[PDB]
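Worksheet: one structure, shown below.
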Amino acid sequence: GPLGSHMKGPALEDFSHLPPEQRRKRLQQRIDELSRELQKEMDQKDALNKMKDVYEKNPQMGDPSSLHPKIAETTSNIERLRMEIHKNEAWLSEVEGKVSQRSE
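Residues in the sequence shown are numbered from 323 upward in steps of one, following the deposited numbering.
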């Protein structure tokens, strides 16, 4: 089944198996991790872009093309982490719209 929740290990695209209130609490914690993780990668990219420039202005360091895989993967992790923030926010859009567990 294409909709059989084919998730990549710890990368859950669900969090629905727990109730909205408990859910959003974990979503906030997930966003916490991902945003803090992303902060590293975003900085890492700028560092790599800076580093690349150093390799360009001063080949003393080495070859800038050897840093192309660096920037590529670094940016890929940036996208990866950011979209994982988005998925959480997407669920929050639902969860925070229905914080009540229906009627009593």
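Note that the Cβ used here is the ideal one computed from N, Cα and C, for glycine as well.
Under the three-state DSSP convention, the category residue 379 falls into = helix
Nearest CA to the CA of residue 399: which residue from 357, 324, 335 and 325?
-> 357
Confirm, please, whether the CB-CB distance from residue 396 to residue 366 is below 8 Å.
-> yes
Residue 403 and residue 363: beta carbons closer than 8 Å?
-> yes
With burial defined as no fewer than 16 other Cβ atoms inside 10 Å of the residue's Cβ, what is the status of residue 378: buried or exposed?
-> Residue 378 comes out exposed.
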